[PDB]
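Okay, so here's the structure we're looking at.
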Amino acid sequence: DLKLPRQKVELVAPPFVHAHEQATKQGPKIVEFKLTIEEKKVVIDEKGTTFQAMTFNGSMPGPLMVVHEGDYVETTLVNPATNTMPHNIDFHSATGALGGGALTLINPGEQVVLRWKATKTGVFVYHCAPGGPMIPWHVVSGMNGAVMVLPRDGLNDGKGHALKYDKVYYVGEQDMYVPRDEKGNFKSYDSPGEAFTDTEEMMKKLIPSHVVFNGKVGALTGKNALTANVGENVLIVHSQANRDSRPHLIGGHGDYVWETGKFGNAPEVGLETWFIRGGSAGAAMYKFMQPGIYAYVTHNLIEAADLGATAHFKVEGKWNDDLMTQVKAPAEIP
Amino acid sequence: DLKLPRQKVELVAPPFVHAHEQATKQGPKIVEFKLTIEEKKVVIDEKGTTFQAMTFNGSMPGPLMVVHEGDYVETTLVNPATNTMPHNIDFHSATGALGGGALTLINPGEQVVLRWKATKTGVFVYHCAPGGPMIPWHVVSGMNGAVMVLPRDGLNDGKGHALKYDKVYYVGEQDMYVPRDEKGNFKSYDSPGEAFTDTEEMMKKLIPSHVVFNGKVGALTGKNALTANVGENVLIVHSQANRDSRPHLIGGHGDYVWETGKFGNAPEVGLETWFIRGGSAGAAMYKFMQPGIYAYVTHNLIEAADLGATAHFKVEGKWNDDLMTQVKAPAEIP
Amino acid sequence: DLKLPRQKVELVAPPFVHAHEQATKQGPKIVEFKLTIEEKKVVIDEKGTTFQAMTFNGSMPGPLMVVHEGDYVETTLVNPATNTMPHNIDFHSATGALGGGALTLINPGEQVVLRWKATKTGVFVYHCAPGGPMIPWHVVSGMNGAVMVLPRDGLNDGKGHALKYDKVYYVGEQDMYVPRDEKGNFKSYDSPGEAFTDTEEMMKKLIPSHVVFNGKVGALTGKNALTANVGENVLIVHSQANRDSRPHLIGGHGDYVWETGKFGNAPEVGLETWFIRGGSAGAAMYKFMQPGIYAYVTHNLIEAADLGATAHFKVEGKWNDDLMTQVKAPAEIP
Ligand SMILES: OC[C@H]1O[C@@](CO)(O[C@H]2O[C@H](CO)[C@@H](O)[C@H](O)[C@H]2O)[C@@H](O)[C@@H]1O
Ligand SMILES: OC[C@H]1O[C@@](CO)(O[C@H]2O[C@H](CO)[C@@H](O)[C@H](O)[C@H]2O)[C@@H](O)[C@@H]1O
Ligand SMILES: OC[C@H]1O[C@@](CO)(O[C@H]2O[C@H](CO)[C@@H](O)[C@H](O)[C@H]2O)[C@@H](O)[C@@H]1O
Ligand SMILES: O=N[O-]
Ligand SMILES: O=N[O-]
Ligand SMILES: O=N[O-]
Ligand SMILES: O=N[O-]
Ligand SMILES: O=N[O-]
Ligand SMILES: O=N[O-]
Ligand SMILES: [Cu+2]
Ligand SMILES: [Cu+2]
Ligand SMILES: [Cu+2]
Ligand SMILES: [Cu+2]
Ligand SMILES: [Cu+2]
Ligand SMILES: [Cu+2]
C-alpha cells in the first residue's frame, strides 16, 4: 500500500541522541521506533526522596526520536502486563486523532502500532494523554519526551547559510509534585494509584516540589556532565510538557535559537536567556569559545539552585584572555 | 467637525464574532458600538460553584469588536442603575488617557461616549480599570474582552501572500479566584462588595481556583463545541487580560501565528504551542486536514484538565490515512 | 599588552542612565567602571515594611552600564569590610568563567578587577552568584542590574532605518520574599544572615510578597515619575533577574520592541504588552503622541496594583483630539 523503504532506529537514553544525518540525500522512508512503558518508583534527589514515575523506555524524559521532513514515523507502543494503568501516546508533530492519542490507548498486556507523516519541521513534544484528569497526572509523572523533524537540507540561519552541529543533547525538564506529611517530610507511596489522590490535590495548587533535568537532581553533573571542546557547535534541545522554562547557559549564549522550536522560522541570534512554553520544545545552538565549567539552568534561580534544575558542561581547550581576563586578583582594598 | 460616514455594529456573544469584511475597499468610517455593564452572580463549574461576575454585555469575555486600520471607534458605555459600582473602559488599541479609562468613569445610572482612532493593527485587550486595587478585581471578575483592527488589505504571511480566514472564533480565557471556607468548599457571596475582602486576599497569592474559556468549565464543548470542516481555514483569537496562557490545538498546529497579536509583524509558522502574555491578545490560524474531535487547551495541562481550560472542535470531512493511520489495532503482546 | 585608550564612566542611580553616545565614530576603548557592594536594611513599601537588601552601588537595581560593541569593559568590584558576606559578579553579556563569577569572588575587605570584551549587542543582566543556594538569595535580595551594548552605528529598525532615542530609562523589577509571623505581619530581621532561613523557605514556594520597580512601592511616581514630552522617543530598558514580567505602557504602545533584548534581531512593532524572561533584559521604544499621565506596569494587574509593580510617566504637550476624544461626558441614561 505505502511502498517505501523501512529503517529501524535504536533509541538511546537522554541526554544522548541516536545517530542521524543532518542534511541527507535519502528520500522519504518509514522510520520504525519502539517505546515500552515502564511504571517504577525512583529516587529524584540527593536526600533519597522517592517518586512514582511513569516513563517511556524507562527514562525521564523519554528518548528523542529524530527523522526528516516527509518521513513516515511508525511507532510500536508496548504496555507490558507488569504495569497497572492504560497508557497512550500523542505526538505534537502529528496531524489528527489528538496527535495519535485517540488511536493508541492500550491496557497492560497490549501493544499498538501508529504511523504518522512528518509534515512539520522542528522539535516537538510527545506525551501520554489517556483522558480527563489522567492527562496531567501521567505527564507530570514523567510520560513525555520529544521528536526532532529536520529539513532534508539540514538547518539554516535564515540569512541562506547552513548551520551544522557537531553534537546534540536533549534536556528534558520535569516539574514534579511530591506531597509532604504533617511533619513536613516528603511522602512515599506503594503504587502510582495510591499516590494519585495526594498528588492531584498538590498539582491543582500549581507549585512543584522539584524541577529536574533528566529525571533527578544532579543528573547532568559530575561524571554525567555534558561535554564539549572550544570550537564545537552544540545543539541543545529542551522540552517541557507542562510548565514554562527559561533556559540559560551560564558563561555562554544562544548563538542561534528557535525558542518556539520550529525550523520553518529563522532562529533569533545572540540570546542570553530563552523561553520554552509549557507543552513545547525548543532548540539553541552555541559554539564554545572558552574552556571550563558552564551551568545550564532555568533562570528562575530558585528552581535552578533549590528545586533541581541545573546541569553542567565541562569544556576542554585553551583560555582566551582577549574575551575575558582577571586583570587583578582578589586583594585588600587600598 | 469629524465628517465621516457612520456604521452601526450589532455585537454578538463570544465565541462568535460579528460580521465584517477582511480586505475592504471602504475608506475610514466612524464605527459605533454599545456596551452595557452587567454585574451578576453566575455558575462557573459543573459542581454548581457560583461567582460574582462583572461583565461587558453580560458575557465573559466581552464581545469582540472588529474594525479596520484608520477607522474611528465610537463606543457608548452604559452603567445601569441596577449595578452597584463605578466602571470604565480602557482599550489597549487606543492612544492617550490610560487607553480611554481616564475619560470613561461612570457611576450606576450614567453613560459616556468615547471615540478613538485605530492607528495600530492587531488584536488588543480592552478592560475595566477604575483605579488602584479595583483594577485587578474588576478584570478578574470578568470585565475584559478584545478588539481586532485589520489592515485594509486583509491579513498577509509576510512572504506578499494573502491569508484569508473562512471563519473566526474568539476564545477569552479568565483566571478566577474563588475563596474556600474552613470545610474546603467554595464560598458564595451576596454581592460583589461582600466577595471583595476574601477575593483580594486570595488574588494576592496569585493562584487561581479556576481557569475557564467563555466564562465556565465546559462552555465550549458538547453542543457548544467550535466547528469546522476539513479544508477550512479558521482564525482563533485568544485573549488573557491578567495572566499568561499557552494555547495548543491538540491534533493540529498553528499554521500562521501572531502570538504577540500584532499584524505589522509577520506571523510565525508551524507552531505546536504559542504564548499569550497576560494583558494581551494573540491570533492563530489553522487549516483543518483531518476530521474528528480536537481539544483546544492551555498547555499547562493541570489548568486544562482540572481547572477548566479546555474547549472542543468537532470537524467534519474525510479521514486522511496518508497523514496518520493505525497500522495495527490494540492487541496482546506476542 | 592590550594597548587601547581608557575611558572612565561615572555611574548614575536608576532609573537614569549615564551619558553616552548612540552612534559613535570612536573605535574600541577600555571602559572603566566601579561597583561597590552595600548590604543594608531598607523600607520597601508605604506601610513601613523593611527588608534586608544586598546591592551594587547601594541601589536596586544596580546601575546601567552602557558601552559599544567591541569595547572592553573593565570593572572594579569592591566588597568593603562593613559587609558580612562574600560576593561576586556575573555578566550575561560576557563569555567564559560563568560570566565572570568564577573570577570575582571577594570577601569583605577585598576588591577584584575583571575585564571582558563586549562581543554581543543588546541589553543583558548582571548579578551576584556566589554559589549553590546563595545564588537565588543574593539575586532576590537585590544584587542585580544590567548592561547595554550598543552597535557602533546605533539602533536600527531592521527595515535599514535608524532608531534614535531622545532619552533612556532603566526600570529594574525585583521580586522580593518577605516572611510573615503568626499574626500575619511581615517580619523584620537584624541581618541578612538571620533573614536567610525564613526567606529561603518562602522562596522555595515561588510566590513573592512584593514586586517592585526601583526597589520600593511607589518609587517611580509622584515627584519621581518618569517624564517626557509629546514627540519624544523614549527607550525603556526593563530587567528581571529571576522571574518573568510583562511590561505594558497604559495609554501607549511599544513602537519598536526587542523583548528578548538583543539588537542583532530586528525589533517587533506596535506591541501592547511584551514579555521579559526571568534572567534577561529587554528594551522598548515609544514616541509619545498624547500628554497626561501614563502608567507603566507589569500586566499581571494583581502584581501591578497590589504587590508594587507600577511606575508613572507625566507627559507634557498638546492633546490630540483626532486620536481620542470624549464625544459625550458622563450623563444620566436617557
Ligand atoms: O530559517 C528559515 C527561514 O529562512 C528562509 C529564508 O529567509 O528560508 C530558508 O529556509 C527555508 C526552510 O528551511 C527554505 O525552504 C528556504 O528555501 C531557505 O531560503 C525563510 O523563508 C524561513 O522563514
Ligand atoms: O506580515 C507583515 C510583514 O510583511 C511585510 C513584508 O515582509 O510587509 C507586508 O505587510 C505590511 C503590513 O500589512 C504591508 O504594509 C506591506 O506592504 C507588505 O509587504 C513586512 O514589512 C511586515 O513586517
Ligand atoms: O535590526 C537588526 C536586523 O536588521 C538587519 C537588516 O534586516 O541588519 C541591519 O542591522 C544589522 C545589525 O545592526 C547590521 O549589521 C546590518 O548591516 C543592517 O542591515 C538584519 O540582518 C538584522 O537581523
Ligand atoms: O530499573 N532500574 O534500573
Ligand atoms: O501525615 N500525613 O498526612
Ligand atoms: O441573566 N441571565 O441570562
Ligand atoms: O468558614 N469560613 O471561613
Ligand atoms: O544609606 N542610605 O542612604
Ligand atoms: O511569629 N513567628 O513566627
Ligand atoms: Cu500514561
Ligand atoms: Cu500535548
Ligand atoms: Cu468595572
Ligand atoms: Cu490593560
Ligand atoms: Cu552577593
Ligand atoms: Cu544569570
Side-chain angles (χ1 to χ4, degrees), chain A residues 6 8-14 16-18 30-44 50-65 73-89 91 94 97-116 125-147 170 172 174 176 188-197 199-200 214-216 219 239 241-242, chain B residues 301 324-334:
Chain A
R6 282 168 175 276
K8 186 193 162 178
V9 168
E10 291 289 8
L11 288 165
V12 308
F16 302 101
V17 176
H18 69 87
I30 298 169
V31 186
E32 291 184 343
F33 293 95
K34 178 174 303 192
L35 291 170
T36 302
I37 296 155
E38 184 174 11
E39 302 169 8
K40 53 177 169 188
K41 190 186 217 174
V42 302
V43 176
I44 59 168
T50 70
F51 179 73
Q52 285 293 340
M54 309 175 193
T55 73
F56 294 105
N57 265 20
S59 63
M60 289 183 284
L64 189 71
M65 307 158 49
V73 180
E74 193 171 287
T75 298
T76 301
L77 186 65
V78 182
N79 189 7
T82 53
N83 293 325
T84 62
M85 285 161 196
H87 297 284
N88 66 354
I89 190 164
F91 294 93
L98 299 174
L103 291 173
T104 54
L105 187 63
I106 50 178
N107 294 316
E110 304 184 312
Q111 56 183 52
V112 61
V113 187
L114 177 75
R115 195 177 53 232
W116 56 269
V125 166
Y126 65 83
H127 63 80
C128 182
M134 294 307 91
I135 293 179
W137 183 45
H138 284 231
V139 174
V140 306
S141 291
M143 295 193 77
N144 61 92
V147 64
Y170 173 33
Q174 184 60 62
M176 296 175 167
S188 55
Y189 298 100
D190 297 323
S191 66
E194 294 163 71
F196 176 66
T197 299
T199 297
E200 189 183 56
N214 219 56
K216 192 176 202 292
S239 76
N242 188 59
Chain B
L301 298 171
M324 184 176 289
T325 189
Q326 194 186 63
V327 176
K328 298 296 294 303
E332 185 174 50
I333 296 167

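Chain A is the first sequence line, chain B the second, and so forth, proteins listed ahead of strands; every chain is numbered from 1. What's counted below: heavy atoms across the whole structure, side chains too, no hydrogens, waters or symmetry copies.
Inter-residue side-chain proximity for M54(A) and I37(A) is flagged as unmet; no heavy-atom pair is nearer than 4.5 Å. Taking 4.5 Å as the limit, some side-chain heavy atom of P14(A) sits within range of a side-chain heavy atom of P61(A). Put simply, the side chain of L77(A) does not reach to within 4.5 Å of the side chain of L114(A), judged on heavy atoms. Side-chain atoms of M60(A) and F51(A), non-hydrogen and from C-beta on, do get closer than 4.5 Å to each other. Residues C128(A) and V139(A) have side chains not in contact (no heavy-atom distance under 4.5 Å, counting atoms from C-beta outward).
Between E110(A) atom CD and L105(A) atom CG the span is 8.0 Å, to the nearest 0.5 Å. Interatomic distance, NE2 of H87(A) versus CD1 of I106(A), reported as 8.5 Å (0.5 Å rounding). In this structure, CG in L301(B) is found 5.0 Å from CG in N242(A), a value given to the nearest 0.5 Å.
Counting all heavy atoms, side chain and backbone alike, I333(B) lies closest to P80(A) at CD1-CA, 3.8 Å. Scanning both residues, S239(A) and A146(A), for their nearest heavy atoms gives CB-CB, 4.4 Å. The two residues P130(A) and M134(A) make their nearest non-hydrogen contact at CD-O, 4.0 Å. Taking both residues in full, the closest heavy atoms of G132(A) and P136(A) are given as O-CD, 3.6 Å, listed atom of the first, atom of the second, then distance.
Checked by atom type and distance alone, the side chain of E39(A) pairs as donor or acceptor with a backbone atom of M85(A) at under 3.5 Å. A distance-only check finds a donor-acceptor pair linking the side chain of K41(A) to the backbone of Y189(A) [under 3.5 Å]. The backbone N or O of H127(A) lies less than 3.5 Å from no partner atom in the side chain of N144(A), so there is not a single donor-acceptor pair. No donor-acceptor pair under 3.5 Å is formed between the side chain of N214(A) and the backbone N or O of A219(A). Of the possible donor and acceptor atoms, one in the side chain of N57(A) sits under 3.5 Å from a partner among the backbone N and O of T36(A). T104(A) places a side-chain N or O within 3.5 Å of a backbone atom of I89(A) that can act as its donor or acceptor partner. A donor-acceptor pair under 3.5 Å is formed between the side chain of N88(A) and the backbone N or O of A129(A).
Applying side chain to side chain contact (heavy atoms under 4.5 Å, CB included) to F56(A) and the options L11(A), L35(A), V78(A) leaves one that passes, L35(A).
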Q.
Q174(A) vs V140(A), test: side-chain contact (heavy atoms from CB on, under 4.5 Å). Steps then yes/no.
A. CA-CA 7 Å; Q174(A) 184 60 62; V140(A) 306; 4.2 Å; yes
Q: Show your working on side-chain contact (heavy atoms from CB on, under 4.5 Å) between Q52(A) and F196(A) and close with a plain yes or no.
A: CA-CA 9 Å; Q52(A) 285 293 340; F196(A) 176 66; over 6 Å; no
Q.
As a quick check of understanding, evaluate side-chain contact (heavy atoms from CB on, under 4.5 Å) for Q111(A) and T76(A), giving each step before the final call.
A. CA-CA 7 Å; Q111(A) 56 183 52; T76(A) 301; 4.1 Å; yes
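Ring geometry, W116(A) versus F91(A): the interplanar angle falls from 30° to 60°, so the pair is classed tilted.
Note on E32(A) versus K34(A): no salt bridge recorded, every NZ/NE/NH1/NH2 to OD/OE distance being 4.0 Å or above.
Pairs engaging residues 325-334 of chain B under the side-chain hydrogen bond (donor to acceptor under 3.5 Å, both in side chains) rule: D321(B)-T325(B) [sequence neighbours left out].
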